[PDB]
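For clarity, chains are labelled A, B, C, D, E and F in written order, and residue numbers in each chain start from 1.
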């Protein structure tokens, strides 16, 4: 549970001194691009149900063993729980790119959910591939411009793909 | 919370003597017609969602003030709560005609729900008319012998209409 | 049913994250009751409408 | 898993007591039920494939738009028909499982508990499954008390759907 | 009623503290939002009747079966069309209410909280309302940041539907 | 071939005179018509295949006996359905041709002039085609003045049928 600003504050307190000037110029540029960060969240957030349905749509086209009887996501209840797990992961990705820090995504799902999927018998590979495909579709949905001002989304495509790869690797 | 048998047992214990013979012949006839009671109960139970949807369907056709804005059942949340209240009343009617006693229907709904609808501002008249229409449709659904052997449901139409009128009058 | 009442068991009020934590044994039934009684739908419907 | 013996054990365990004559009444009743219900489940097992195809054809008949419009939720292509008739056979298999188990437990745990959110997420109308279950409960061809309780389970699935 | 000032007061009350600079940041942000949002709500109020009729016609166009089959849930008769376009106007009015209130609170309290069980009980497909909201968010004709947050509220209604 | 420019030339030729301002009034009116009618014809060209299948399914729905009875006039077999939907597409193509031509001439020369004796000889009820044209004029999904004159051409075909 950390912001960008609280991250700089905790680092400056562990140093024990005041915040240096270059960190303040970095935070000024962050305050200039924080709304820019926001547009992806605004346009990432609005298409979330389409994102998770298309992600499960491609995943269960890709691995039909999960839909097959005896598969882990075969049962209707389990399949609803599967879509719930995916939607939760997408929501915490949107939270982490809202606050601009991966510590919320770590705190909320990464530490426990690997052991949860081991204990449940859930294959970590399929949900890892699903989070990867969901992240690819999320950046693909975020990057296109419709009646949108020209802008550079490279460091925020960088950051969003970082958050998605952190989620997919912590899942394993 | 009483059966028919527990009702006779409590009455015989308040008398302090054993059960008289005529009560035992009455209970023998009850044991002969208890399955008969049951057939109506199962064909009443299987169509319950159709019963409550048709009841609300006729009620909100009949009183469009509830659907009108500012009406008591206008809001989507309140309308879902309205259908929930009706389904609960139908379920406890089915319980009371299962056990053959109105004491379960009294115990679970009646003494509190009149004061609840007063305190909520719920019009007791509309829900009374809705329980009456639901009961009329319930006896109408029960009395038709489609793929059922020829028997006599007389007294049980009597009992079911008694339970529905008790519910509608305790609502007021 | 105990914390919300039957009429408040709507799909929109359901705390799916608290249910998964309980089913995984991460939280106790007591902590689940605390999570329900501190939930947004409970505070909006039952706290804000009462003294 | 709401089956009668399981819930009798749950009652006796939550009360903290031994078994009484109540559970034995439950038991002679359950054996009375199973004594026809097992043979009825075998008969449904025999007629299952033709019932599945007839239900799918009745569903395509009442809702002809699903065969026509392009959409991955609709059964216009062939994979929609494979998956579609697969979930028809799923519904029929859950009906037979509840016929064997003697309670609505298997359908409640395998079908009902998430079906609403699944049909919400996938744009599946539940009325399709209601039409299919109505065709099955019309065309299963059983007779007597086994037929009535089979219709009871199918009507329970219908009421759980809508 | 999730509106920003209400939830700021709820945060400060549940923490047990006075208001801080955080709520004042919330406030200058909310006034910045409302400074265009009120005029956008007035513009939607102006274009409302034609938007409602266009959404109803687009819904009849994409789902032509609802105009044809006999059924009280379908808008084949005239009372279905009156009630139907009434709930189109309901959706549009809730969009304008959330535009004025500055949060998703009014639609969450007036529409979303029971819509799933209502569409379950009444055999209404939510995809009809998704098509209507898509037509509204295509044809509302606003521009700029007001248009983006209007599309945000409509997309929120879409995601709450399915 | 009753199209406005052709009939204006026929008027001026039968009168034996040159063109006057009357034909130029006819012309600025015809260009006003075509300025929306060509795009409406393109839109009907886009939606044509789904409209044809929907009209055929509505015709099978309202007249279910034609799918059941054996007879080469009825579409019970598959060749009846191929030929049937072929003449559905014929009717829709003539509607688009009259939309481009700006008059009822193409349908009058390609459809209407012999349709009565053909339906008399072949035991085809014209009410089938009336139902199909009604479904098309309900489900074409156009808007405005293009939609009104499209409905005009379809209603003209209906009145020519029965």
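Operating definition for what follows: a contact is a pair of C-beta atoms (placed from the backbone, for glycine too) under 8 Å apart; a residue touches a chain by one contact, two chains touch by 3 or more.
Novice: Determine the set of chains touching chain D that also touch chain F.
Specialist: Chains in contact with chain D as well as chain F: E.
Novice: Just by CA atoms, which chain is the most central one?
Specialist: Going by the distance between chain centres and the overall C-alpha centre, it is E.
Novice: More C-beta contacts across A-C or across C-E?
Specialist: Answer to which pair has more contacts is C-E.
Novice: So which of B-E, B-D or A-E matches A-D, with over half of the contact pairs the same residue numbers?
Specialist: Selected from B-E, B-D or A-E as the counterpart of A-D: B-E.
Novice: Could you tell me the distance, in whole angstrom, between the mean C-alpha positions of chain B and chain F?
Specialist: That gives a centre separation of 59 Å.
Novice: Just the number, please: Cα centre separation of chain B and chain D in whole Å.
Specialist: Chain centroid spacing, chain B to chain D, equals 27 Å.
Novice: Provide the C-alpha centroid distance between chain B and chain C, rounded to the nearest whole angstrom.
Specialist: Comparing mean C-alpha positions, chain C is 31 Å from chain B.
Novice: Any chance you could list the residues of chain C touching two or more other chains?
Specialist: 10-11
Novice: Can you pull out the residues of chain D that are in contact with at least two other chains?
Specialist: Residues 65, 116-117, 121, 162 of chain D touch two or more partner chains.
Novice: So which stretches of chain B touch two or more other chains?
Specialist: Residue numbers touching two or more other chains: 49, 77, 80-81.
Novice: Give the list of chain C residues in touch with chain A in this complex.
Specialist: Per the touch definition, chain C meets chain A at residues 16-17, 20, 24, 26.
Novice: Name, in rising order, each residue of chain D that touches chain F in their complex.
Specialist: Going by the criterion above, the answer is residues 64-65, 68-69.
Novice: Sort out for me which residues of chain E touch chain C in the complex.
Specialist: Touch residues, chain E against chain C: 1, 10, 108, 112-114, 116-117, 160.
Novice: What part of chain B is in contact with chain D in the complex they form?
Specialist: 42, 46-50, 147-148
Novice: List the residues on chain E that touch chain B in their complex, please.
Specialist: 72, 109-115, 117-118, 121-122
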